[PDB]
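Q: Below is the sequence, then the experimental coordinates.
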Amino acid sequence: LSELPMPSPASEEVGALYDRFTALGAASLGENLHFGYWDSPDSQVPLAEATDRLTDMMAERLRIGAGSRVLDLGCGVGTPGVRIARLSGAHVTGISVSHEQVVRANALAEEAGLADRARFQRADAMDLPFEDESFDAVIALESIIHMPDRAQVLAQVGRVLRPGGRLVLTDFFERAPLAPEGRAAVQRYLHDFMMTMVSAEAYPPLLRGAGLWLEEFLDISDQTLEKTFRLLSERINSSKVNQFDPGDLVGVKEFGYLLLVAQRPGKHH
Amino acid sequence: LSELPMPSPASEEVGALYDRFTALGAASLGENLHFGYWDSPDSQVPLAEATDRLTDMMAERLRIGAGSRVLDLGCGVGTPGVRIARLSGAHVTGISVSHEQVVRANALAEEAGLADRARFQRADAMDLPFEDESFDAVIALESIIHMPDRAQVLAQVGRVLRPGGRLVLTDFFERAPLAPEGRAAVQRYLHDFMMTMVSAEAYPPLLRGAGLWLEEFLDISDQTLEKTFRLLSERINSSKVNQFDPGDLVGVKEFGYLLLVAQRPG
């Protein structure tokens, strides 16, 4: 249960934490703002290729193709969004609440020669400025974590999703009650980057509230968390801006990262 | 969650129902008592290979091999238990509350040459006659739907599973509240086969209670229910027991079939 507390992260305030960070060193030009995925804890694929692997894993669950309309909910500096449009030929509308993020993602699309296939826009998933049933698929890649109310966001997704459309997302969750030594570092994370964390059984009724049926819940904690936290702390400490420590999380084994797929009943074109 | 009336099945009464099923041949040697799985709605892969398809997909999630000890938690006439022993080289121990099923399952093991690697015995998953940390993996293939209490059944699995071992089960569930028309067919189905049904959010606490972490939840309704129910009614139409169509269940989109994987921590 959610014993270790939660910040209540704010939309146009998470866009300040990251108008600061997706800029000046946490993210400049072509970076995935999410964990890597590795086939075995001993695989030594570089981080960049494992980040795109998580993207690709999730894009395949969208079940899209050229001419598909994808909504990119929380788009970072745009690396997964323009990747999906380039590899699949689908059309991508991404939204961010940070201005720097919109600017950088639109630059990435343009550098790719795709400024019209991938378009990025200032908008808030709490209140989606898109008409009903305008999207074939929605991807929220490491982004619902930063959002204030999962219930509202999920209802917005379910309104703009066409029937038969699919939502695929990642999220933090509690695999089992947390060790006490670990909860210090799990709230230092959740609080210093304005994140919350749900219970696994929270999602079925959340999703049902928004018109979606859970299709897939997949714990990918053992393929994502540790190796990324290692590779990042080895970066930060081999470089002589604050004291965010990944390692304190390495091994707090009850901390969990989940891939989820929900579907809006009906069927598509 | 709490709309349809469900029986609360008793082990020995389910054993008696299925003894009668088995002893006629309704469940005959080498037959699977579970849904087919199909990758797309129109593929014409026949029922038997679709049924083995589900077995193989669940068996690979066990993550087992030659010399794994596998508990076949509710085994039927033995067909998937002996198939797993034949194709993977593991040691399968299966159980049923049905005496006639246990007989057919040992019979199947004998005819395949695997009576030493696939064993079956009468038992109840509420009270597992097995040591702690005895099994590398448990599989419960459409079996828990007939069992009396999921929390206790899961506690047993948790106790006999070894650290790092996995539970793979299927189960019935409510995808969304049932339209009135639907629950007509579903209620008599749950009743007439001594089965119950859960909710997707039910399992993560149930699993936890038993010391098990949820690893995979998968709605496989659209690959299993409709095509299976339809082929079954078309050949029960061939039969011209006031028994059932399974067809009154087709088109009840809210009735669901789930595949689930949980682990015991290393």
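A: The structure has been received and is ready for your questions. Residues are numbered from 1 along each chain as shown, chains lettered A, B, ... in the order given.
Q: Could you use CA atoms for every contact and neighbour count after this?
A: Will do.
Q: Please, which helix or strand holds residue A:214?
A: Assigned by DSSP states H and E, residue A:214 belongs to strand A:213-219.
Q: now the helices for the stretch 1-150 of chain A?
A: A:11-21, A:47-62, A:79-88, A:99-111, A:150-160 (DSSP state H, counting those that start in this stretch).
Q: Each with direction, which strands does the strand holding residue A:214 pair with?
A: Applying DSSP bridges, strand A:213-219 is found paired with strand A:255-263 (antiparallel), strand B:213-219 (antiparallel).
Q: what's in contact with that strand?
A: Strand A:213-219 is contacted by residues A:203-204, A:207-208, A:256-265, B:175-176, B:214-220 when judged by CA atoms under 8 Å, 6 or more residues apart in numbering or on different chains.
Q: Please list only the buried members of those residues.
A: Neighbour counting by 16 or more other CA atoms under 10 Å in any protein chain shown classes A:203-204, A:207-208, A:256-264, B:175-176, B:214-220 among those as buried.
Q: Excluding sequence neighbours, find me the nearest residue to the closest residue to chain B within the stretch 1-150 of chain A.
A: Nearest to chain B in the stretch 1-150 of chain A, going by CA to the nearest CA, is residue A:1, at a distance of 9.7 Å. With CA to CA, 6 or more residues apart in numbering or on different chains as the criterion, residue A:1 has its nearest non-adjacent residue at 6.0 Å, and that residue is residue A:177.
Q: Can you name the residues that contact that neighbour?
A: By CA under 8 Å, 6+ apart, residue A:177 lies in contact with A:1-3, A:254.
Q: Stretch A:190-201: how far from the chain's middle?
A: In terms of CA atoms, centre = their mean, to the nearest Å, the centre of stretch A:190-201 is found 13 Å from the chain centre.
Q: again with stretch A:88-100
A: On CA atoms, centre = their mean, the centre of stretch A:88-100 falls 13 Å from the chain's centre.
Q: same thing with stretch A:54-67?
A: Chain-centre distance of stretch A:54-67: 14 Å, with CA atoms, centre = their mean.
Q: Likewise for stretch A:71-82?
A: Distance of stretch A:71-82 from its chain centroid, counting by CA atoms, centre = their mean, is 9 Å.
Q: Would you mind pulling the contact partners of it?
A: Residues from elsewhere that reach stretch A:71-82, judged by CA under 8 Å, 6+ apart: A:22, A:27-33, A:52, A:55, A:92-97, A:100-102, A:104-106, A:108-109, A:112, A:114, A:118, A:120, A:125, A:135, A:137-144.
Q: same thing with stretch A:15-34?
A: Taking CA under 8 Å, 6+ apart as the rule, stretch A:15-34 contacts A:48, A:51-52, A:76-80, A:96-101, A:104, A:108, A:141-142, A:193.
Q: switch the cut-off to 6 Å
A: Residues from elsewhere that reach stretch A:15-34 (CA atoms under 6 Å, 6 or more residues apart in numbering or on different chains): A:79, A:97-98, A:100.
Q: Check those residues and tell me the two furthest apart.
A: Largest separation among the contacts of stretch A:15-34 by CA to CA: A:79 and A:97, giving 16.1 Å.
Q: Need the outlier residue of chain A, farthest from its centre.
A: Distance from the C-alpha centroid of chain A peaks at residue A:240, with 29.8 Å (CA atoms, centre = their mean).
Q: That one and chain B: what is the separation?
A: Going from residue A:240 to chain B by CA to the nearest CA, to the nearest Å gives 36 Å.
Q: Contacts only, for residue A:160.
A: Residue A:160 makes contacts with A:132-135, as judged by CA under 6 Å, 6+ apart.
Q: Repeat that for residue A:228.
A: residue A:35.
Q: Equivalent analysis for residue A:119, please.
A: Residue A:119 makes contact with residue A:93, according to CA under 6 Å, 6+ apart.
Q: what are the bridge partners for it, then?
A: Beta-bridge partners, per DSSP bridges, of residue A:119: residue A:93.
Q: How about residue A:170?
A: Beta bridges link residue A:170 to residue A:259 when assigned by DSSP bridges.
Q: I'd assumed residue A:262 was in contact with it.
A: No. If you go by CA atoms under 6 Å, residue A:170 and residue A:262 don't touch, sitting 11.6 Å apart.
Q: thinking residue A:120 is in contact with residue A:91, fair?
A: No. Contact criterion CA under 6 Å: residue A:120 and residue A:91 do not qualify, at 11.1 Å.
Q: tell me, what's touching these two both at once?
A: Common contacts of residue A:120 and residue A:91 (CA under 6 Å, 6+ apart): none found.
Q: what's the closest non-adjacent residue to the spatially most central residue of chain A?
A: Centroid-nearest residue in chain A: residue A:142, 1.7 Å away (criterion: CA atoms, centre = their mean). Excluding its sequence neighbours, the residue lying closest to residue A:142 (CA to CA, 6+ apart) is residue A:170, at 5.2 Å.
Q: And residue A:59, by the same measure?
A: Nearest to residue A:59 is residue A:84, by CA to CA, 6+ apart, at 6.8 Å.
Q: Check residue A:134 too.
A: residue A:160 (5.4 Å).
Q: thinking again about what came up before, please identify every residue contacting each of residue A:170 and residue A:262.
A: Between them, residue A:170 and residue A:262 share no contacting residue, judged by CA under 6 Å, 6+ apart.
Q: so how far is stretch A:17-37 from its chain's centroid?
A: 12 Å.
Q: What's the end-to-end length of it?
A: One end of stretch A:17-37 sits 25 Å from the other (CA to CA, to the nearest Å).
Q: And stretch A:190-201, by the same measure?
A: End-to-end span of stretch A:190-201 (CA to CA): 20 Å.
Q: just stretch A:108-126 next, same as before
A: Termini of stretch A:108-126 sit 25 Å apart (CA to CA).
Q: got it, and stretch A:34-51?
A: End-to-end distance of stretch A:34-51: 6 Å, with CA to CA as the criterion.
Q: Over to stretch A:175-182?
A: Termini of stretch A:175-182 sit 13 Å apart (CA to CA).
Q: now do stretch A:115-129
A: End-to-end distance of stretch A:115-129: 20 Å, with CA to CA as the criterion.
Q: Could you do stretch A:133-143 as well?
A: In stretch A:133-143, first residue to last residue: 22 Å (CA to CA).
Q: can you list contacts of that stretch?
A: Contacts with stretch A:133-143, where a contact means CA under 6 Å, 6+ apart, come from A:62, A:69-74, A:160-162, A:165-170.
Q: how about 8 Å then?
A: By CA under 8 Å, 6+ apart, the residues outside stretch A:133-143 that reach it are A:33-34, A:55, A:58-59, A:62-64, A:68-75, A:157, A:159-171, A:268.
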